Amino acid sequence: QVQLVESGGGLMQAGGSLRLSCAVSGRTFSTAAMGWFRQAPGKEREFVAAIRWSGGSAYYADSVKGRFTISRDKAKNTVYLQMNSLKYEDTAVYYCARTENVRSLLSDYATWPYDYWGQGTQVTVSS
């Protein structure tokens, strides 16, 4: 079975930076893209960022552009989210997601479904 495991969540003061990881095990060859999503209590889950597994081009939600960076290490089968300039509004459970669907248009990864999901890691931004 394909497993996604997020790590790195915790309490951060606003203005700091935190890197999340998501390690993928099982099938490797088939990965088209990896995405990060987030969900605050009582709110809908929202797209944060996606990266094409081959080639590594990234696509960002407008609310994290200039602030968050998505990156991946193919050899370690791991995707990262570097969360710079943390805001109270970034407080949420962060979920990594995996798709094998290769789409020509990178922006498809903002709205096309992902078939594999992690358990989430909590990020809390205080002051």
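In case it trips you up, residue 1 is the first one in the sequence shown, and so on.
Asks: Give the stretch, out of 39 to 47 and 70 to 78, with the larger mean C-alpha temperature factor in the deposited entry.
Replies: According to the entry, 39 to 47 carries the higher average C-alpha B-factor.
Asks: Given the B-factors recorded for C-alpha atoms, which segment has the greater mean, 26 to 34 or 57 to 65?
Replies: Mean C-alpha B-factor is greater for 26 to 34.
Asks: Specify which of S104, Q13, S21, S107 carries the largest Cα B factor in the deposited PDB entry.
Replies: Answer, based on the entry's C-alpha B-factors: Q13.
Asks: How does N84 rank on Cα B-factor within its chain, lowest, middle or highest third?
Replies: Middle third by C-alpha B-factor.
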